[PDB]
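Colleague: Build me a model:
(one chain, ligands or ions: 1)
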Amino acid sequence: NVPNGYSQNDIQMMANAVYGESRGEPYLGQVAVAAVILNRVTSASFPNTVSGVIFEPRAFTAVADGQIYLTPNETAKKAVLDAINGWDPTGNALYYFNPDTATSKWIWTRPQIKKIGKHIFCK
Ligand code: NA
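Modeller: Residues are numbered from 1 along each chain as shown. The coordinates are given below.
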């Protein structure tokens, strides 16, 4: 069922992480969050497994919210497989935030790449 390099649990948790962050966003915004997870895996500055990236303490509200082991939203799951298949609409982003609600002081310091739906994607 799952791309080589990933477990069933990897894909489910990615889908649940993506739904947590981007439920209701344009489909492109959901692929984008998935893209960011894969970019963080690649990056030296984040963990180097999908689990490690998803379980970073503040990172994905699906973790704190008890959603990471649920049956995944089918569209968030498609977005995940789209990103694994090489769709990265964020231009290799590592960070994102919603400028209307974000309360982080430091997020505004990241170099901004583009905005998709309610999220600005950043290096
Ligand atoms: Na990494």
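Colleague: Could you use CA atoms for every contact and neighbour count after this?
Modeller: Noted.
Colleague: Apart from its neighbours in sequence, what residue is nearest the residue nearest the centre of the chain?
Modeller: In the chain, the C-alpha nearest the mean C-alpha coordinate belongs to residue 33, at 3.0 Å (C-alpha atoms, centre = their mean). Spatial nearest neighbour of residue 33, chain neighbours left out: residue 18 (5.9 Å); criterion: C-alpha to C-alpha, 6 or more residues apart in numbering.
Colleague: burial of that neighbour, as a residue count?
Modeller: 32 (other C-alpha atoms under 10 Å).
Colleague: Name the next helix or strand downstream of the strand or helix carrying it, please.
Modeller: Secondary structure assigned from DSSP states H and E places residue 18 in helix 8-22. In the C-terminal direction, the helix or strand that comes right after helix 8-22 (DSSP H and E) is helix 27-42.
Colleague: Any residue of that next one touching the ion?
Modeller: Yes. Using C-alpha under 5 Å from the ion, helix 27-42 comes into contact with the ion via 40-42.
Colleague: Pull the CA coordinates from that helix and hand them back as CSV.
Modeller: The C-alpha coordinates for helix 27-42 follow below in CSV (Å, rounded to 0.1, in the frame of the first residue of the first chain):
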residue,chain,number,x,y,z
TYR,A,27,-5.5,20.7,-1.4
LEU,A,28,-2.2,22.5,-2.5
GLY,A,29,-1.8,23.7,1.2
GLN,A,30,-2.2,20.1,2.5
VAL,A,31,0.4,18.7,0.0
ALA,A,32,2.7,21.7,1.2
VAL,A,33,2.6,20.6,4.9
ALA,A,34,3.4,17.1,3.9
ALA,A,35,6.3,18.6,1.8
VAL,A,36,7.6,20.4,4.8
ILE,A,37,7.7,17.2,6.8
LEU,A,38,9.8,15.6,4.1
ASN,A,39,12.1,18.7,3.9
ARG,A,40,12.7,18.5,7.6
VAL,A,41,13.6,14.9,7.4
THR,A,42,16.2,15.9,4.7
